[PDB]
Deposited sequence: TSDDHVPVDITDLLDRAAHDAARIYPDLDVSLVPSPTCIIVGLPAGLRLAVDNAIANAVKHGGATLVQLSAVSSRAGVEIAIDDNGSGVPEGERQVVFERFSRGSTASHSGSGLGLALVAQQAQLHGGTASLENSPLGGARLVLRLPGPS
């Protein structure tokens, strides 16, 4: 907590999409225009969570399209990773957040370390929409 520093979430997502582009040659991955949101947290952990989300979308959902977004509000930030993959069935969302890599346990762990939550929804893109809701500073 004394370990938490300023984190430009939008910048983090931008760099995340860029590095993911180089790792996954199939992949159309981008940050959707978002206002600049700064929170206090653990930049490695938050980047890990995004990396891990993108990695599941591709390795396990077979996504060829991923969209990152950040929406600011008085409560904090809502980070979403949307993909056009096979998705995650409503019935399977729980094991998935308990499983380490389909396994998103790293995401739930980092969400919790930040006082926040990670949840799965369905994406307009066709696959999963993973949502990290982190309290603001």
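Asker: Where are the gaps relative to the deposited sequence?
Answerer: Those stretches are 1, 103 to 113, 150, listed in order.
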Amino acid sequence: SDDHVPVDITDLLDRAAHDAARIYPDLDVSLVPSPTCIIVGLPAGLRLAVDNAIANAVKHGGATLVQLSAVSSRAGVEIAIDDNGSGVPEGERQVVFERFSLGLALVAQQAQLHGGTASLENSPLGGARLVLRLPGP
From here on, numbers count along this sequence of modelled residues.
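Asker: Could you check the entry and say whether 22 to 30 or 103 to 111 has the higher mean CA B-factor?
Answerer: Comparing 22 to 30 with 103 to 111, the higher mean C-alpha B-factor belongs to 22 to 30.
Asker: Could you check the entry and say whether 85 to 93 or 72 to 80 has the higher mean CA B-factor?
Answerer: That would be 85 to 93.
Asker: State the tercile, meaning the lowest, middle or highest third, of residue 9 with respect to the CA B-factors recorded for its chain.
Answerer: Its C-alpha B-factor, which the entry lists for residue 9, ranks in the lowest third among residues of this chain.
Asker: Could you place residue 120 in the lowest, middle or highest third of its chain by Cα temperature factor, using the values in the record?
Answerer: Middle third - that is where residue 120 ends up once the chain's C-alpha B-factors are sorted.
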